[PDB]
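If you're matching them up, the sequences are chains A and A' in order. A prime marks a further copy of an entry chain. Taken in order, the first sequence gives residues 7 to 115, 117 to 144, 150 to 195; the numbers are from the entry's author numbering. Taken in order, the second sequence gives residues 7 to 115, 117 to 144, 150 to 195; the numbers are from the entry's author numbering. Backbone N, C-alpha and C fix where the C-beta goes; we use that ideal spot for every residue, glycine too.
There are 2 protein chains.
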Amino acid sequence: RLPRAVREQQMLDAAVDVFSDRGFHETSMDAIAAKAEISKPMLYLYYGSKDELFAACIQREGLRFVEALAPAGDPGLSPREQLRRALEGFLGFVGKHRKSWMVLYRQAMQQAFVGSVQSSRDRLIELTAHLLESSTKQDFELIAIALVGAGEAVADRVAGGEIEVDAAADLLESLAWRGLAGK
Amino acid sequence: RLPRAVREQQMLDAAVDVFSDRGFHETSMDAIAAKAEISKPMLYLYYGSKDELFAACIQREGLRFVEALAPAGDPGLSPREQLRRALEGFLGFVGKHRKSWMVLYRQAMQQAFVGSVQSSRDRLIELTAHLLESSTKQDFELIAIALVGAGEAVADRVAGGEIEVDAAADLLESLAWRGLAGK
Numbered sequence: 007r008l009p010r011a012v013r014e015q016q017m018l019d020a021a022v023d024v025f026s027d028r029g030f031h032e033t034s035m036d037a038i039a040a041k042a043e044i045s046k047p048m049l050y051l052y053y054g055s056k057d058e059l060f061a062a063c064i065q066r067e068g069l070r071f072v073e074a075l076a077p078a079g080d081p082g083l084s085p086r087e088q089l090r091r092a093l094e095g096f097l098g099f100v101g102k103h104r105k106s107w108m109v110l111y112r113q114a115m117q118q119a120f121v122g123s124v125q126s127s128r129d130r131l132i133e134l135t136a137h138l139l140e141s142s143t144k150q151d152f153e154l155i156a157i158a159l160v161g162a163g164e165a166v167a168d169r170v171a172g173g174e175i176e177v178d179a180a181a182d183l184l185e186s187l188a189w190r191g192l193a194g195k
Numbered sequence: 007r008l009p010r011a012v013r014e015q016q017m018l019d020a021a022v023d024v025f026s027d028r029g030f031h032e033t034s035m036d037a038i039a040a041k042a043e044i045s046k047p048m049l050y051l052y053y054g055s056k057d058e059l060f061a062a063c064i065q066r067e068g069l070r071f072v073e074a075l076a077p078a079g080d081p082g083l084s085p086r087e088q089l090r091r092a093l094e095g096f097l098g099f100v101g102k103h104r105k106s107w108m109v110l111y112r113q114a115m117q118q119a120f121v122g123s124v125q126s127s128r129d130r131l132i133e134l135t136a137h138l139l140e141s142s143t144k150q151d152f153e154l155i156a157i158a159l160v161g162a163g164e165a166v167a168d169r170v171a172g173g174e175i176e177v178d179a180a181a182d183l184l185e186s187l188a189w190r191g192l193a194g195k
């Protein structure tokens with residue numbers, strides 16, 4: 007009769023839809039319940055409020071996001087190859103999971120989930136400065157912040173299918189090594 | 007007994023506070039009314055709902071924002087000097103009006120005011136590609157999007173006083189002319 011993470015995954019997929027479709031405030035438990043084709047009373051027995059569901063959804067899409075970066079965390083990798091693999095994983099994920107990129111990029115810097124993912128964002132900026140430092144033997153935090161901001165806006169266009177992953181990863185790699193060596 | 011845009015300006019300044027302090031959902035008409043030191047019934051006779059106030063506030067801070075870009079729209083200016091003047095106006099505004107940058111950058115890409124300022128953002132991206140094109144005699153929309161995304165994230169650090177306007181405008185100018193000529 008549909009056990010564990012299966013009813014779960016259906017509710018979260020539908021929440022993602024409605025949240026990315028309409029945004030947090032204009033999304034309703036009503037509309038999510040219809041999308042999951044489950045009863046509204048049912049939904050509340052799992053989530054209980056719109057924002058609690060919004061945080062579960064945010065938690066889950068956040069996870070797929072960092073998993074997509076995982077290959078960059080591989081061992082023996084040159085700074086360059088970590089950056090390239092992260093850019094490509096990030097950008098490939100957005101391209102395939104545009105709905106979840108939208109929820110995420112929104113949550114980032117609503118305010119409720121603006122401190123889960125801004126702290127995530129900041130951690131990501133910190134990771135980037137270290138690898139930019141890990142390259143050439150604080151202009152570095154600064155290049156990092158500019159590169160992440162650039163990646164965020166470019167990701168938007170990748171999610172909307174206006175830019176190919178490769179074209180996008182290409183631009184971001186050289187912004188990083190040539191905003192670096194450039195001025 | 008305090009006539010026109012004076013009661014106005016007091017209510018909008020206080021709304022800006024509370025919205026930037028707490029975010030849209032966790033801001034209340036309650037808290038705004040206390041901040042403006044006006045009665046709550048009073049507030050509703052001008053605004054009538056939280057989001058209507060939020061749009062007035064968004065309208066007003068959006069205006070100061072584009073006014074800050076105005077010197078770049080001057081005549082006879084080289085592409086380079088338009089870009090430099092826009093970067094400096096944008097970044098000087100964020101530095102002085104951090105509360106309003108926060109409301110704005112949030113509204114941009117809530118969803119209610121995500122289509123006022125995303126269309127603003129997009130128009131800004133379009134203006135940037137044209138001047139990047141107006142320089143060297150669509151890699152251009154693409155550099156534009158990356159430069160705006162970079163400016164947004166850097167603006168954040170400028171608003172938080174972690175980066176000086178000049179340092180920030182410097183990095184963005186060369187990202188633009190060297191992500192351009194770089195790869």
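Assuming contact is defined by CB atoms lying nearer than 8 Å, are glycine 95 (chain A) and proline 77 (chain A) in contact in what I supplied?
Cβ distance < 8 Å, so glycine 95 (chain A) and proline 77 (chain A) count as in contact.
Does the separation of the CB atoms of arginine 169 (chain A') and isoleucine 155 (chain A) fall below 8 Å?
Against a cut-off of 8 Å, the Cβ pair of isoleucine 155 (chain A) and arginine 169 (chain A') comes out as no contact.
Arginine 66 (chain A') beta carbon less than 8 Å from that of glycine 194 (chain A)
In this structure, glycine 194 (chain A) sits away from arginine 66 (chain A'), with a CB-CB distance that is not shorter than 8 Å.
Would you call the region 122 to 142 of chain A and the region 46 to 59 of chain A touching, i.e. three or more CB-CB distances under 8 Å?
No contact exists between the region 122 to 142 of chain A and the region 46 to 59 of chain A.
Give the secondary structure of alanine 119 (chain A) by DSSP, where H, G and I count as helix, E and B as strand, and everything else as coil.
In this structure, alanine 119 (chain A) counts as coil in the three-state DSSP scheme.
Same chain, Cβ closer than 7 Å to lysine 46 (chain A'), five either side skipped, listed in chain order
Closer than 7 Å at Cβ, skipping near neighbours: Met35, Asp36, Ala39.
Within chain A, partners of residue 116 (chain A') - CB distance below 9 Å
Since the numbering of chain A' jumps from 115 to 117, residue 116 (chain A') cannot be located in this structure.
DSSP on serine 84 (chain A), reduced to helix/strand/coil?
Coil, per DSSP.
Can you check whether the C-beta of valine 24 (chain A') is within less than 8 Å of a C-beta belonging to chain A?
Chain A places no beta carbon closer than 8 Å to that of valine 24 (chain A'), leaving this residue out of the contacts.
Does the beta carbon of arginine 130 (chain A') come closer than 8 Å to any beta carbon on chain A?
For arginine 130 (chain A'), the nearest beta carbon of chain A is not closer than 8 Å to its own beta carbon.
Is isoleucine 38 (chain A) close to chain A', meaning its C-beta is less than 8 Å from at least one C-beta of that chain?
No, because no Cβ of chain A' sits closer than 8 Å to the Cβ of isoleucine 38 (chain A).
Would you kindly check if the distance between the Cβ of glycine 161 (chain A) and the Cβ of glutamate 164 (chain A') is under 8 Å?
Against a cut-off of 8 Å, the Cβ pair of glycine 161 (chain A) and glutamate 164 (chain A') comes out as a contact.
Taking only beta-carbon positions, decide if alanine 76 (chain A') is within less than 8 Å of chain A.
Taking Cβ atoms only, chain A never reaches closer than 8 Å to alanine 76 (chain A'), which makes this a no.
Leaving aside the five residues before and after residue 116 (chain A') along the sequence, list all residues of the same chain whose C-beta is less than 7 Å from its C-beta, in chain order.
Residue numbering in chain A' jumps from 115 to 117; residue 116 (chain A'), which lies between, is not modelled.
Going along the region 177 to 188 of chain A' in order, which residues come within less than 9 Å of chain A, judged by CB to CB distance?
Going along the region 177 to 188 of chain A' in chain order, one finds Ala179, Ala180, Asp182, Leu183, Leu184, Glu185, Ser186, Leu187 with a Cβ nearer than 9 Å to chain A.
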